[PDB]
Amino acid sequence: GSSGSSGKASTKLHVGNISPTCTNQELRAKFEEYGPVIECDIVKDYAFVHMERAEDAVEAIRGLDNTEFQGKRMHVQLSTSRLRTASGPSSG
């Protein structure tokens, strides 16, 4: 599904074609090289790295994008797709 509220602060990155022996200590660290990772989670053949600053998230991709990881190459991209931008009007 989809998160919902396009608006967000932190960044999320999705990974595919993961290894069976892939460990968080590996994936996370790999992403930590770009920026201060928040929370990393490995999946069957995919994963998800929660970044803090976009500048780091965007890079972590252009770099870890199509990179032989754990022997097999994984595809890294934006976890959530944002089409419509939102500033953030008042609420009070």
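Structure notes:
- The fewest-to-most ranking of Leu83, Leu64 by surrounding Cβ atoms within 10 Å reads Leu83, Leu64.
- Cβ-derived FRET efficiency at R0 30 Å, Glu39 paired with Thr67, nearest 0.05: 0.90
- For the chain, calculated [θ]222 nm from helices alone, where every DSSP H run of n ≥ 4 adds -39500 (n - 2.57): -6500 deg cm²/dmol
- Compactness ratio for the stretch 10-82: Cα radius of gyration over 2.2 N^0.38 Å (N = residue count) comes to 0.95.
- The relative contact order of the chain, computed from alpha carbon pairs under 8 Å that lie at least 6 residues apart in sequence, is 37 percent.
- With Cα atoms, 0 to 90° folded angle of helix 54-64 axis to the chain main axis: 30
- Where labels lie 7 Å past Cα in the beta-carbon direction, separation of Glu52 and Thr80 in nm: 1.9
- Residues of type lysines that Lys72 reaches as a straight line, Cα spacing below 29 Å, ignoring anything fewer than 8 places off in the same chain: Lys12, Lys30, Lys44
Every number here is computed from the coordinates shown, using simple stated rules; none is lab data. No Cβ is skipped: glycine too gets one built from the backbone with ideal geometry, and neighbour counts run over all protein chains shown.
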